[PDB]
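What's in run09.txt: compact mmCIF, C-alpha atoms and all ligand atoms
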# COMPACT_ATOMS: atom_id res chain seq x y z
CA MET V 1 37.99 -42.49 -2.94
CA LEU V 2 35.42 -39.83 -3.69
CA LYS V 3 32.42 -41.25 -5.53
CA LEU V 4 32.76 -38.18 -7.78
CA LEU V 5 35.94 -39.85 -9.10
CA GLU V 6 34.49 -43.33 -9.65
CA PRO V 7 34.43 -44.40 -13.32
CA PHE V 8 30.89 -44.65 -14.65
CA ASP V 9 29.35 -46.77 -17.41
CA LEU V 10 26.88 -44.67 -19.43
CA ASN V 11 25.24 -47.47 -21.48
CA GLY V 12 28.60 -48.47 -23.02
CA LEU V 13 30.32 -45.08 -22.82
CA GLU V 14 33.08 -45.85 -20.27
CA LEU V 15 33.43 -42.40 -18.56
CA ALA V 16 36.49 -41.66 -16.39
CA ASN V 17 34.52 -40.30 -13.42
CA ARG V 18 31.05 -39.16 -12.36
CA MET V 19 31.75 -35.46 -13.03
CA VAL V 20 30.29 -33.60 -16.03
CA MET V 21 31.32 -30.34 -17.69
CA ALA V 22 28.01 -28.50 -17.78
CA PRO V 23 27.01 -26.79 -21.05
CA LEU V 24 28.47 -23.26 -21.10
CA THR V 25 27.93 -20.54 -23.71
CA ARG V 26 31.25 -18.72 -24.23
CA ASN V 27 30.59 -16.69 -27.43
CA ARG V 28 33.98 -17.57 -28.99
CA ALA V 29 33.02 -19.04 -32.39
CA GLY V 30 34.92 -18.04 -35.51
CA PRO V 31 33.43 -16.46 -38.62
CA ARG V 32 30.11 -17.94 -39.78
CA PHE V 33 29.65 -19.54 -36.34
CA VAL V 34 32.42 -22.09 -36.94
CA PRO V 35 34.41 -23.67 -34.07
CA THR V 36 38.14 -22.92 -34.10
CA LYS V 37 41.41 -24.41 -32.89
CA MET V 38 41.08 -22.26 -29.76
CA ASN V 39 37.72 -23.91 -29.04
CA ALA V 40 39.35 -27.31 -29.60
CA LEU V 41 42.04 -26.42 -27.05
CA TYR V 42 39.41 -25.34 -24.50
CA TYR V 43 37.52 -28.63 -24.72
CA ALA V 44 40.71 -30.74 -24.95
CA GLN V 45 41.90 -29.06 -21.74
CA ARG V 46 38.67 -30.19 -20.02
CA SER V 47 38.72 -33.76 -21.36
CA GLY V 48 39.41 -35.13 -17.87
CA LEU V 49 35.79 -34.51 -16.93
CA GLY V 50 33.95 -37.79 -17.32
CA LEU V 51 31.53 -36.25 -19.82
CA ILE V 52 31.65 -32.90 -21.63
CA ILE V 53 28.40 -31.26 -22.71
CA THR V 54 29.18 -28.46 -25.14
CA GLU V 55 28.00 -24.90 -25.07
CA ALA V 56 24.51 -24.52 -26.51
CA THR V 57 24.81 -24.81 -30.30
CA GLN V 58 22.11 -23.39 -32.54
CA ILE V 59 20.38 -25.73 -34.97
CA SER V 60 19.64 -22.83 -37.36
CA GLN V 61 20.24 -19.10 -37.61
CA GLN V 62 16.63 -18.63 -36.49
CA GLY V 63 17.65 -20.50 -33.34
CA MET V 64 20.48 -18.09 -32.43
CA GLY V 65 20.22 -15.19 -30.00
CA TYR V 66 23.73 -14.18 -28.82
CA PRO V 67 26.86 -13.13 -30.71
CA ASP V 68 29.42 -15.70 -31.86
CA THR V 69 27.77 -18.85 -30.60
CA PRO V 70 28.63 -21.91 -32.74
CA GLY V 71 26.16 -23.58 -35.08
CA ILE V 72 25.63 -27.14 -36.31
CA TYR V 73 23.74 -26.37 -39.53
CA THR V 74 26.52 -25.95 -42.14
CA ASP V 75 29.24 -28.23 -43.47
CA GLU V 76 31.90 -25.69 -42.42
CA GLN V 77 30.53 -25.77 -38.86
CA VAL V 78 30.63 -29.59 -38.89
CA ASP V 79 34.24 -29.42 -39.98
CA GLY V 80 35.16 -27.09 -37.13
CA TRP V 81 33.40 -29.29 -34.60
CA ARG V 82 35.24 -32.35 -35.93
CA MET V 83 38.46 -30.60 -34.89
CA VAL V 84 36.98 -30.29 -31.39
CA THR V 85 35.77 -33.88 -31.08
CA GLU V 86 39.05 -35.19 -32.50
CA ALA V 87 41.05 -33.36 -29.84
CA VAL V 88 38.71 -34.49 -27.05
CA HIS V 89 38.82 -38.11 -28.21
CA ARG V 90 42.62 -38.09 -28.51
CA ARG V 91 42.54 -37.08 -24.82
CA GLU V 92 40.24 -40.06 -24.16
CA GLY V 93 37.27 -37.83 -23.39
CA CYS V 94 33.57 -38.14 -24.14
CA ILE V 95 31.51 -35.30 -25.61
CA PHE V 96 27.82 -34.56 -26.30
CA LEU V 97 26.66 -31.58 -28.39
CA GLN V 98 23.91 -29.46 -26.83
CA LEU V 99 21.31 -28.64 -29.51
CA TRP V 100 19.77 -25.17 -29.14
CA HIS V 101 16.94 -23.03 -30.39
CA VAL V 102 16.66 -19.76 -28.46
CA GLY V 103 13.03 -19.11 -29.38
CA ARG V 104 11.94 -15.66 -28.26
CA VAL V 105 15.27 -14.98 -26.50
CA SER V 106 16.82 -13.34 -29.56
CA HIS V 107 16.58 -10.20 -31.69
CA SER V 108 15.64 -9.63 -35.33
CA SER V 109 19.22 -8.36 -35.90
CA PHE V 110 20.37 -11.99 -35.52
CA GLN V 111 17.57 -13.45 -37.65
CA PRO V 112 17.44 -14.31 -41.36
CA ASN V 113 16.04 -11.37 -43.34
CA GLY V 114 15.54 -9.34 -40.17
CA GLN V 115 12.58 -11.54 -39.24
CA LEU V 116 11.23 -11.54 -35.71
CA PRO V 117 12.31 -14.28 -33.30
CA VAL V 118 9.79 -17.14 -33.13
CA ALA V 119 8.01 -18.57 -30.10
CA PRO V 120 4.90 -20.57 -29.14
CA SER V 121 3.06 -17.30 -28.45
CA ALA V 122 3.57 -13.60 -29.19
CA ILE V 123 4.84 -12.58 -25.74
CA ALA V 124 8.08 -10.64 -25.36
CA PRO V 125 10.40 -11.59 -22.50
CA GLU V 126 11.16 -8.74 -20.17
CA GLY V 127 14.30 -6.71 -20.40
CA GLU V 128 16.98 -6.17 -23.02
CA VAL V 129 19.14 -8.18 -25.42
CA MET V 130 22.70 -7.66 -26.64
CA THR V 131 22.95 -7.25 -30.43
CA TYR V 132 25.70 -6.39 -32.89
CA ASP V 133 24.50 -2.77 -32.57
CA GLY V 134 24.48 -2.66 -28.77
CA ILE V 135 21.82 -3.38 -26.19
CA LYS V 136 18.23 -3.18 -27.45
CA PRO V 137 14.85 -3.94 -25.88
CA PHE V 138 13.36 -7.34 -26.61
CA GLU V 139 10.79 -7.49 -29.41
CA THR V 140 7.48 -9.30 -29.34
CA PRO V 141 8.18 -12.60 -31.14
CA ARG V 142 6.11 -14.15 -33.90
CA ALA V 143 3.91 -17.04 -32.81
CA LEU V 144 4.73 -20.15 -34.85
CA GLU V 145 2.07 -21.53 -37.15
CA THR V 146 1.01 -25.08 -36.31
CA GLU V 147 2.60 -26.35 -39.55
CA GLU V 148 5.93 -24.67 -38.76
CA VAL V 149 6.63 -26.76 -35.65
CA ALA V 150 7.36 -29.78 -37.86
CA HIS V 151 9.95 -27.70 -39.73
CA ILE V 152 11.72 -26.79 -36.49
CA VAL V 153 11.60 -30.47 -35.51
CA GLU V 154 13.22 -31.26 -38.87
CA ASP V 155 15.94 -28.70 -38.05
CA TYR V 156 16.67 -30.69 -34.90
CA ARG V 157 16.80 -33.89 -37.01
CA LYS V 158 19.30 -32.26 -39.42
CA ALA V 159 21.34 -30.92 -36.50
CA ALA V 160 21.60 -34.45 -35.09
CA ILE V 161 22.79 -35.73 -38.48
CA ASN V 162 25.47 -33.04 -38.48
CA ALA V 163 26.41 -33.79 -34.86
CA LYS V 164 26.87 -37.48 -35.83
CA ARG V 165 28.99 -36.28 -38.80
CA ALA V 166 31.04 -33.82 -36.68
CA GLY V 167 32.04 -36.74 -34.38
CA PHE V 168 29.94 -36.39 -31.22
CA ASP V 169 29.36 -39.32 -28.89
CA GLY V 170 25.81 -38.05 -28.30
CA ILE V 171 23.54 -35.02 -28.21
CA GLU V 172 21.66 -33.16 -25.46
CA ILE V 173 18.33 -31.46 -26.17
CA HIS V 174 18.31 -28.06 -24.46
CA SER V 175 14.80 -27.79 -23.05
CA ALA V 176 15.65 -25.43 -20.19
CA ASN V 177 16.37 -21.82 -19.28
CA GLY V 178 13.64 -20.00 -21.16
CA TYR V 179 14.49 -21.05 -24.73
CA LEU V 180 12.14 -22.39 -27.41
CA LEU V 181 11.28 -25.80 -25.98
CA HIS V 182 10.93 -24.50 -22.41
CA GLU V 183 8.62 -21.76 -23.74
CA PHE V 184 6.35 -24.44 -25.19
CA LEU V 185 6.40 -26.41 -21.92
CA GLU V 186 5.16 -23.66 -19.60
CA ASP V 187 1.71 -22.10 -19.64
CA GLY V 188 3.02 -18.62 -18.83
CA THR V 189 4.69 -18.50 -22.25
CA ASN V 190 2.51 -20.95 -24.23
CA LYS V 191 -1.00 -19.56 -24.77
CA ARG V 192 -1.60 -21.71 -27.86
CA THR V 193 -4.95 -23.32 -28.61
CA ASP V 194 -3.69 -25.87 -31.16
CA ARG V 195 -2.31 -29.34 -30.44
CA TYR V 196 0.83 -27.74 -28.95
CA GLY V 197 -1.05 -25.73 -26.29
CA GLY V 198 -3.53 -26.13 -23.42
CA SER V 199 -3.06 -29.50 -21.68
CA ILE V 200 0.24 -30.52 -20.08
CA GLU V 201 0.30 -33.31 -22.70
CA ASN V 202 -0.05 -30.80 -25.54
CA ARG V 203 2.55 -28.40 -24.06
CA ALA V 204 5.13 -31.20 -23.96
CA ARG V 205 4.23 -32.50 -27.45
CA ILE V 206 7.04 -30.59 -29.18
CA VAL V 207 9.64 -32.10 -26.85
CA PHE V 208 8.53 -35.62 -27.72
CA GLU V 209 8.43 -34.79 -31.43
CA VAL V 210 12.01 -33.52 -31.17
CA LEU V 211 13.07 -36.71 -29.39
CA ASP V 212 11.28 -38.82 -32.02
CA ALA V 213 13.19 -37.04 -34.79
CA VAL V 214 16.67 -37.09 -33.27
CA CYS V 215 16.22 -40.75 -32.25
CA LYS V 216 16.08 -41.59 -35.96
CA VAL V 217 19.71 -40.43 -36.09
CA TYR V 218 21.24 -41.41 -32.74
CA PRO V 219 20.05 -44.37 -30.68
CA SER V 220 18.00 -43.22 -27.71
CA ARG V 221 20.81 -44.17 -25.29
CA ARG V 222 22.92 -41.37 -26.82
CA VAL V 223 20.30 -38.64 -26.57
CA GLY V 224 20.01 -36.65 -23.35
CA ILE V 225 17.69 -33.82 -22.38
CA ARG V 226 18.12 -30.89 -20.00
CA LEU V 227 15.28 -29.34 -17.99
CA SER V 228 15.01 -26.43 -15.53
CA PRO V 229 11.89 -27.46 -13.51
CA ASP V 230 11.66 -24.27 -11.41
CA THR V 231 13.34 -21.11 -12.69
CA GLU V 232 12.36 -17.49 -13.26
CA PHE V 233 15.19 -17.03 -15.78
CA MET V 234 14.15 -15.18 -18.95
CA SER V 235 10.59 -14.41 -17.75
CA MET V 236 9.44 -18.03 -17.40
CA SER V 237 6.37 -19.04 -15.41
CA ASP V 238 3.90 -21.92 -15.15
CA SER V 239 0.78 -22.36 -13.04
CA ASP V 240 1.64 -25.90 -11.86
CA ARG V 241 5.29 -26.85 -12.24
CA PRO V 242 5.00 -29.99 -10.05
CA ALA V 243 2.31 -31.44 -12.32
CA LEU V 244 4.04 -30.34 -15.52
CA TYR V 245 7.48 -31.71 -14.64
CA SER V 246 6.15 -34.84 -12.90
CA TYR V 247 4.33 -35.74 -16.11
CA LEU V 248 7.29 -34.81 -18.32
CA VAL V 249 9.88 -36.72 -16.28
CA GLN V 250 7.63 -39.79 -16.04
CA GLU V 251 7.14 -39.83 -19.81
CA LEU V 252 10.86 -39.30 -20.47
CA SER V 253 11.53 -42.29 -18.18
CA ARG V 254 9.85 -44.53 -20.74
CA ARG V 255 12.01 -43.25 -23.63
CA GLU V 256 15.26 -45.10 -22.80
CA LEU V 257 17.30 -41.91 -23.15
CA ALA V 258 20.99 -41.48 -22.36
CA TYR V 259 20.12 -39.41 -19.28
CA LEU V 260 17.96 -36.69 -17.84
CA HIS V 261 19.90 -33.56 -16.82
CA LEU V 262 18.19 -31.38 -14.21
CA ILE V 263 19.18 -27.89 -13.07
CA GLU V 264 18.64 -27.21 -9.36
CA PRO V 265 16.23 -24.33 -8.62
CA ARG V 266 18.97 -22.35 -6.80
CA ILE V 267 20.38 -21.32 -10.21
CA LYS V 268 18.75 -18.59 -12.31
CA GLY V 269 20.31 -19.43 -15.69
CA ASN V 270 23.92 -18.31 -15.05
CA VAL V 271 23.85 -16.91 -11.48
CA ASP V 272 23.02 -18.07 -7.97
CA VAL V 273 19.56 -17.16 -6.65
CA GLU V 274 17.82 -17.38 -3.29
CA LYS V 275 14.85 -19.55 -4.15
CA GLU V 276 12.59 -21.88 -2.25
CA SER V 277 11.47 -24.91 -4.20
CA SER V 278 10.74 -28.59 -3.75
CA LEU V 279 11.53 -29.31 -7.43
CA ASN V 280 15.17 -30.29 -6.96
CA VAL V 281 16.76 -33.59 -8.01
CA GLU V 282 15.47 -35.39 -4.90
CA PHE V 283 11.89 -34.76 -6.06
CA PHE V 284 12.57 -36.29 -9.48
CA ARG V 285 14.87 -39.23 -8.65
CA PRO V 286 11.92 -41.57 -7.83
CA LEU V 287 10.13 -40.53 -11.04
CA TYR V 288 12.97 -41.30 -13.49
CA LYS V 289 14.47 -44.76 -13.75
CA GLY V 290 17.62 -44.07 -15.85
CA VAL V 291 20.79 -41.99 -15.55
CA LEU V 292 20.24 -38.69 -13.73
CA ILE V 293 22.62 -35.70 -13.96
CA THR V 294 22.25 -32.99 -11.34
CA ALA V 295 23.63 -29.51 -11.96
CA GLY V 296 23.71 -26.12 -10.30
CA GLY V 297 25.55 -24.56 -7.37
CA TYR V 298 27.48 -27.69 -6.42
CA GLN V 299 30.82 -27.83 -4.63
CA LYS V 300 33.00 -30.86 -4.00
CA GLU V 301 31.25 -31.74 -0.74
CA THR V 302 27.66 -31.23 -1.93
CA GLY V 303 28.27 -33.01 -5.23
CA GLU V 304 29.78 -35.99 -3.41
CA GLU V 305 26.77 -36.11 -1.07
CA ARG V 306 24.34 -36.25 -4.01
CA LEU V 307 26.18 -39.33 -5.30
CA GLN V 308 26.68 -40.99 -1.91
CA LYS V 309 22.96 -40.64 -1.06
CA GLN V 310 21.98 -41.85 -4.56
CA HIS V 311 19.94 -38.77 -5.45
CA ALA V 312 21.79 -38.61 -8.78
CA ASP V 313 24.26 -40.61 -10.83
CA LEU V 314 26.42 -37.78 -12.21
CA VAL V 315 27.15 -34.23 -11.04
CA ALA V 316 27.63 -31.40 -13.53
CA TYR V 317 29.85 -28.40 -12.76
CA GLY V 318 29.80 -25.22 -14.84
CA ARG V 319 31.61 -22.22 -13.39
CA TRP V 320 34.18 -24.33 -11.54
CA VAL V 321 35.06 -26.12 -14.77
CA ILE V 322 35.45 -22.80 -16.57
CA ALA V 323 38.23 -22.01 -14.12
CA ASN V 324 39.57 -25.52 -13.37
CA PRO V 325 40.07 -27.67 -16.45
CA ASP V 326 41.39 -30.44 -14.17
CA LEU V 327 38.62 -30.10 -11.57
CA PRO V 328 38.52 -33.89 -10.90
CA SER V 329 42.26 -33.97 -10.14
CA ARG V 330 41.89 -30.93 -7.83
CA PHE V 331 39.07 -32.62 -5.93
CA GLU V 332 41.12 -35.82 -5.69
CA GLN V 333 44.15 -33.95 -4.31
CA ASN V 334 42.20 -31.53 -2.06
CA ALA V 335 43.84 -28.74 -4.05
CA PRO V 336 42.62 -25.13 -4.07
CA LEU V 337 40.31 -24.18 -6.94
CA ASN V 338 41.18 -21.39 -9.34
CA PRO V 339 38.52 -18.66 -8.97
CA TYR V 340 36.18 -18.18 -11.92
CA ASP V 341 36.21 -14.73 -13.54
CA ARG V 342 32.63 -13.79 -14.60
CA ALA V 343 33.99 -10.85 -16.66
CA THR V 344 35.51 -13.25 -19.23
CA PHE V 345 32.67 -15.80 -19.39
CA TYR V 346 31.12 -14.30 -22.53
CA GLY V 347 33.12 -13.33 -25.60
CA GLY V 348 36.76 -12.43 -25.94
CA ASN V 349 39.84 -14.55 -26.51
CA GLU V 350 42.15 -16.95 -24.65
CA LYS V 351 41.96 -14.81 -21.50
CA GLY V 352 39.61 -16.41 -19.04
CA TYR V 353 39.12 -19.29 -21.49
CA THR V 354 42.24 -21.40 -22.10
CA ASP V 355 44.64 -19.67 -19.66
CA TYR V 356 43.38 -21.09 -16.38
CA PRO V 357 46.22 -23.27 -15.01
CA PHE V 358 46.46 -27.01 -14.35
CA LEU V 359 48.00 -28.71 -11.34
CA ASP V 360 50.20 -30.73 -13.71
CA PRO V 361 51.76 -28.76 -16.60
CA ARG V 362 51.96 -32.03 -18.58
CA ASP V 363 48.15 -32.00 -18.70
CA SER V 364 48.23 -28.55 -20.31
CA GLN V 365 50.98 -29.62 -22.71
CA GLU V 366 49.06 -32.72 -23.82
CA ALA V 367 45.87 -30.72 -24.41
CA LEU V 368 47.82 -28.27 -26.57
CA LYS V 369 49.54 -31.10 -28.47
CA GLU V 370 46.19 -32.69 -29.30
CA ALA V 371 44.47 -29.44 -30.24
CA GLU V 372 47.34 -28.62 -32.59
CA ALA V 373 47.33 -32.11 -34.12
CA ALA V 374 43.56 -31.96 -34.58
CA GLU V 375 43.81 -28.59 -36.32
CA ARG V 376 46.51 -29.89 -38.65
CA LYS V 377 44.49 -33.01 -39.44
CA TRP V 378 41.09 -31.29 -39.98
CA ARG V 379 42.19 -27.86 -41.35
CA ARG V 380 40.06 -26.68 -44.34
CA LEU V 381 42.35 -26.52 -47.44
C1 LIG H 1 28.75 -18.46 -18.58
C2 LIG H 1 27.66 -19.49 -18.52
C3 LIG H 1 27.20 -20.05 -19.70
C4 LIG H 1 26.21 -21.01 -19.65
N1 LIG H 1 25.75 -21.55 -20.84
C5 LIG H 1 24.78 -22.53 -20.82
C6 LIG H 1 24.39 -23.15 -22.01
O1 LIG H 1 24.90 -22.84 -23.11
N2 LIG H 1 23.44 -24.14 -21.95
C7 LIG H 1 22.87 -24.50 -20.74
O2 LIG H 1 22.04 -25.39 -20.72
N3 LIG H 1 23.28 -23.92 -19.57
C8 LIG H 1 24.24 -22.94 -19.60
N4 LIG H 1 24.66 -22.37 -18.42
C9 LIG H 1 24.11 -22.88 -17.13
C10 LIG H 1 25.13 -23.94 -16.66
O3 LIG H 1 25.18 -25.13 -17.47
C11 LIG H 1 24.94 -24.37 -15.20
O4 LIG H 1 23.67 -24.97 -15.07
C12 LIG H 1 25.08 -23.20 -14.22
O5 LIG H 1 26.30 -22.54 -14.47
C13 LIG H 1 25.02 -23.63 -12.76
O6 LIG H 1 26.04 -24.58 -12.48
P1 LIG H 1 27.39 -24.18 -11.69
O7 LIG H 1 26.97 -23.75 -10.28
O8 LIG H 1 28.17 -25.46 -11.61
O9 LIG H 1 28.11 -23.09 -12.41
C14 LIG H 1 25.67 -21.42 -18.44
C15 LIG H 1 26.12 -20.83 -17.27
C16 LIG H 1 27.12 -19.87 -17.31
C17 LIG H 1 27.61 -19.25 -16.03
CL CL H 2 21.28 -21.61 -20.98

With the file now loaded, output its structure as C-alpha cells.
Amino acid sequence: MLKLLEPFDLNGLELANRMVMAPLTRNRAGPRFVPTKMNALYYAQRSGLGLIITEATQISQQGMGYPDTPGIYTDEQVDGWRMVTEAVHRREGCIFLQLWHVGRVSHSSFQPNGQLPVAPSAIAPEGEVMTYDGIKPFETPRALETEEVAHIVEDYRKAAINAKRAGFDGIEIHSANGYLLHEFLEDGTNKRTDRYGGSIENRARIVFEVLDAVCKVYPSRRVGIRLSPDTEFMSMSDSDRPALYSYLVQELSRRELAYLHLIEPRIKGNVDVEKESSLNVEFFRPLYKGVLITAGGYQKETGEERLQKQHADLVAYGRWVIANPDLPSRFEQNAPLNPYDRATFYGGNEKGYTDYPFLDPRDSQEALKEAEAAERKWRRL
C-alpha cells in the first residue's frame, strides 16, 4: 500500500506504478551506435518500472560525447531501438526515449570530420574527456552561428520522427546536466548577444524552439523535459538560478507537456554531493500544474514521502534500478536491495548490466523470452 506502487494515469498511458527508471548512460551500443539484443534484455528486465526513460541518445554524431552511446539518427539505429521497444511492450512496459545533444561536453575525436564540439559560446568546460585514444583535455568548443540553431532544432525534429518510428511511447528532451540545451539556459556558459543570449527569455528560446519542433511529431502530452535547476556538474553556473528556472518552469506549465522531470540539487550528474539549495522539487511544485517527476538520491522512504506529501507525482530512481530490475517488487516486499556497482556503470558487457538478480526467477525468464523473441522478429536480414 505504498503510494510508490499505485498505478498512475499519464494522460492515457496507464503506468503500473509511480516509479520511473531514470535515464542512465551505459555505453553498451553495438557498432554504428545501434542498440542490440543485450540492450533489449536490459530494458525488458526493467519493464516493471511504471515508466522507463532511456539512456541519453544522441540526435546526431555532433551531439555525441562518450563512447558507444546509442543514436537515433539512422535507419539501422531505429531498427535496433524497435527491438528494445518491442521487448518492453511485450512485458507491458512504457518507454520514452531521451533525446541528447552533448554540446561542448565532447571531443573532436567523436565529431564528424574532426570538427570541434559546438556550444552557445566558445568556453571549454574544465577537466578531461574520455576518447577512443584515452583521456584528453577538453577543447574550446565552436560557438554556433545564429543560423545553425535552427539546424540543430531540425535534428531534434528528425530524432523525434525516428523515435516515433522506432516504437517509443514518448520522448524526453534532455535539458540538464551541462549539455547543449543547459549550456544555452545558463549565463555562465551562454555569453551570446543574438536572440539566443542575454535575457532569461532569450536564453530559454532554444528550448522552446526544440519543443515546438518535436511537438509537430508527437502530441505535447507525450513530450517530457528534464532540467537540473541547481548543479555544478560539467562547469555549469548561472547568476540567478531562481529567476531563470522560475521563468522556465512557468512557461513550460503552459505547454501541456507529458511531464516536467527535475533533478534534486543533491546530485552532481552521476554522484551524490553535499549541496545547499532551495531549488528542489518543493520549490517548483507550485509553479508547474502538470505531471512532475522528481529524481535524485531517493530511497524507498524518501520517495514515498514525496508522493504522500504531494510534492511530486512520480519518483525516478537511477542507481537502484541499475542494480534492482524489480525495484518496485522489492519495495513492496520490504526485500533487501542489490548493491549497485559503480565500476560497471559505463561500458562493458552483461556484467553489472543484465546479471543483477530478481526476487522471482520467472521475471528474469520472461524478460529473456521477450528479448529473444524481439530479436528474432526485428533482426536485420
Ligand atoms: C551511470 C549513470 C548514468 C546516467 N546517465 C544519465 C543520462 O543518460 N541522462 C540523464 O539525464 N541523467 C543520467 N544520469 C543521472 C540519473 O538519471 C539520475 O538523475 C542520478 O543517477 C541520480 O538518481 P539516483 O540517486 O536515483 O541514482 C546518470 C546517472 C548515472 C549514475
Ligand atoms: Cl546526464

May I ask which of the residues V:229, V:188, V:93, V:269 is the closest one to residue 247 in chain V, counting only C-alpha atoms?
-> V:229

Check which residues fall inside 10 Å of ligand CL 2 (chain H) when counting only C-alpha atoms and all ligand atoms, and print them as a short mmCIF file (atom, residue, chain, number, x, y, z; two decimals) with C-alpha atoms, in the coordinates of the input.
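Saved to selection_1.cif:
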data_model
loop_
_atom_site.label_atom_id
_atom_site.label_comp_id
_atom_site.auth_asym_id
_atom_site.auth_seq_id
_atom_site.Cartn_x
_atom_site.Cartn_y
_atom_site.Cartn_z
CA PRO V 23 27.01 -26.79 -21.05
CA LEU V 24 28.47 -23.26 -21.10
CA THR V 25 27.93 -20.54 -23.71
CA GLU V 55 28.00 -24.90 -25.07
CA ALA V 56 24.51 -24.52 -26.51
CA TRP V 100 19.77 -25.17 -29.14
CA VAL V 102 16.66 -19.76 -28.46
CA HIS V 174 18.31 -28.06 -24.46
CA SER V 175 14.80 -27.79 -23.05
CA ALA V 176 15.65 -25.43 -20.19
CA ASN V 177 16.37 -21.82 -19.28
CA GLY V 178 13.64 -20.00 -21.16
CA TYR V 179 14.49 -21.05 -24.73
CA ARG V 226 18.12 -30.89 -20.00
CA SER V 228 15.01 -26.43 -15.53
CA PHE V 233 15.19 -17.03 -15.78
CA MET V 234 14.15 -15.18 -18.95
CA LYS V 268 18.75 -18.59 -12.31
CA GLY V 269 20.31 -19.43 -15.69
CA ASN V 270 23.92 -18.31 -15.05
#

8 Å contact set for residue 156 in chain V, only C-alpha atoms, chain neighbours under 3 positions out, as a PyMOL selection string | chain V and resi 59+99+152-153+159-160+210+213-214

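Excluding residue 132 in chain V and any residue on its chain fewer than 2 positions from it, the residues at most 10 Å away by only C-alpha atoms are residues 66, 67, 107, 109, 110, 130, 134, 135 and 136 of chain V.
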
Could you give me, as JSON lines, every chain V residue with an atom at most 9 Å from ligand LIG 1 (chain H), plus its closest atom pair and distance in Å to one decimal, counting all atoms listed in the file, rows ordered by chain then number?
{"residue": "V:21", "atom": "CA", "partner": "H:LIG1", "partner_atom": "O3", "distance": 8.1}
{"residue": "V:22", "atom": "CA", "partner": "H:LIG1", "partner_atom": "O3", "distance": 4.4}
{"residue": "V:23", "atom": "CA", "partner": "H:LIG1", "partner_atom": "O3", "distance": 4.3}
{"residue": "V:24", "atom": "CA", "partner": "H:LIG1", "partner_atom": "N1", "distance": 3.2}
{"residue": "V:25", "atom": "CA", "partner": "H:LIG1", "partner_atom": "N1", "distance": 3.7}
{"residue": "V:26", "atom": "CA", "partner": "H:LIG1", "partner_atom": "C1", "distance": 6.2}
{"residue": "V:53", "atom": "CA", "partner": "H:LIG1", "partner_atom": "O3", "distance": 8.7}
{"residue": "V:54", "atom": "CA", "partner": "H:LIG1", "partner_atom": "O1", "distance": 7.4}
{"residue": "V:55", "atom": "CA", "partner": "H:LIG1", "partner_atom": "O1", "distance": 4.2}
{"residue": "V:56", "atom": "CA", "partner": "H:LIG1", "partner_atom": "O1", "distance": 3.8}
{"residue": "V:57", "atom": "CA", "partner": "H:LIG1", "partner_atom": "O1", "distance": 7.5}
{"residue": "V:69", "atom": "CA", "partner": "H:LIG1", "partner_atom": "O1", "distance": 9.0}
{"residue": "V:98", "atom": "CA", "partner": "H:LIG1", "partner_atom": "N2", "distance": 7.2}
{"residue": "V:100", "atom": "CA", "partner": "H:LIG1", "partner_atom": "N2", "distance": 8.1}
{"residue": "V:173", "atom": "CA", "partner": "H:LIG1", "partner_atom": "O2", "distance": 9.0}
{"residue": "V:174", "atom": "CA", "partner": "H:LIG1", "partner_atom": "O2", "distance": 5.9}
{"residue": "V:175", "atom": "CA", "partner": "H:LIG1", "partner_atom": "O2", "distance": 8.0}
{"residue": "V:176", "atom": "CA", "partner": "H:LIG1", "partner_atom": "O2", "distance": 6.4}
{"residue": "V:177", "atom": "CA", "partner": "H:LIG1", "partner_atom": "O2", "distance": 6.9}
{"residue": "V:226", "atom": "CA", "partner": "H:LIG1", "partner_atom": "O2", "distance": 6.8}
{"residue": "V:227", "atom": "CA", "partner": "H:LIG1", "partner_atom": "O2", "distance": 8.3}
{"residue": "V:228", "atom": "CA", "partner": "H:LIG1", "partner_atom": "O4", "distance": 8.8}
{"residue": "V:262", "atom": "CA", "partner": "H:LIG1", "partner_atom": "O4", "distance": 8.5}
{"residue": "V:263", "atom": "CA", "partner": "H:LIG1", "partner_atom": "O4", "distance": 5.7}
{"residue": "V:264", "atom": "CA", "partner": "H:LIG1", "partner_atom": "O4", "distance": 7.9}
{"residue": "V:266", "atom": "CA", "partner": "H:LIG1", "partner_atom": "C13", "distance": 8.6}
{"residue": "V:267", "atom": "CA", "partner": "H:LIG1", "partner_atom": "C13", "distance": 5.8}
{"residue": "V:268", "atom": "CA", "partner": "H:LIG1", "partner_atom": "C13", "distance": 8.1}
{"residue": "V:269", "atom": "CA", "partner": "H:LIG1", "partner_atom": "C9", "distance": 5.3}
{"residue": "V:270", "atom": "CA", "partner": "H:LIG1", "partner_atom": "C17", "distance": 3.9}
{"residue": "V:271", "atom": "CA", "partner": "H:LIG1", "partner_atom": "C17", "distance": 6.3}
{"residue": "V:272", "atom": "CA", "partner": "H:LIG1", "partner_atom": "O7", "distance": 7.3}
{"residue": "V:294", "atom": "CA", "partner": "H:LIG1", "partner_atom": "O4", "distance": 9.0}
{"residue": "V:295", "atom": "CA", "partner": "H:LIG1", "partner_atom": "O4", "distance": 5.5}
{"residue": "V:296", "atom": "CA", "partner": "H:LIG1", "partner_atom": "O6", "distance": 3.5}
{"residue": "V:297", "atom": "CA", "partner": "H:LIG1", "partner_atom": "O7", "distance": 3.3}
{"residue": "V:298", "atom": "CA", "partner": "H:LIG1", "partner_atom": "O7", "distance": 5.5}
{"residue": "V:299", "atom": "CA", "partner": "H:LIG1", "partner_atom": "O8", "distance": 7.8}
{"residue": "V:315", "atom": "CA", "partner": "H:LIG1", "partner_atom": "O8", "distance": 8.8}
{"residue": "V:316", "atom": "CA", "partner": "H:LIG1", "partner_atom": "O8", "distance": 6.3}
{"residue": "V:317", "atom": "CA", "partner": "H:LIG1", "partner_atom": "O8", "distance": 3.6}
{"residue": "V:318", "atom": "CA", "partner": "H:LIG1", "partner_atom": "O8", "distance": 3.6}
{"residue": "V:319", "atom": "CA", "partner": "H:LIG1", "partner_atom": "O9", "distance": 3.7}
{"residue": "V:320", "atom": "CA", "partner": "H:LIG1", "partner_atom": "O8", "distance": 6.1}
{"residue": "V:321", "atom": "CA", "partner": "H:LIG1", "partner_atom": "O8", "distance": 7.6}
{"residue": "V:322", "atom": "CA", "partner": "H:LIG1", "partner_atom": "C1", "distance": 8.2}
{"residue": "V:342", "atom": "CA", "partner": "H:LIG1", "partner_atom": "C1", "distance": 7.3}
{"residue": "V:344", "atom": "CA", "partner": "H:LIG1", "partner_atom": "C1", "distance": 8.6}
{"residue": "V:345", "atom": "CA", "partner": "H:LIG1", "partner_atom": "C1", "distance": 4.8}
{"residue": "V:346", "atom": "CA", "partner": "H:LIG1", "partner_atom": "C1", "distance": 6.2}
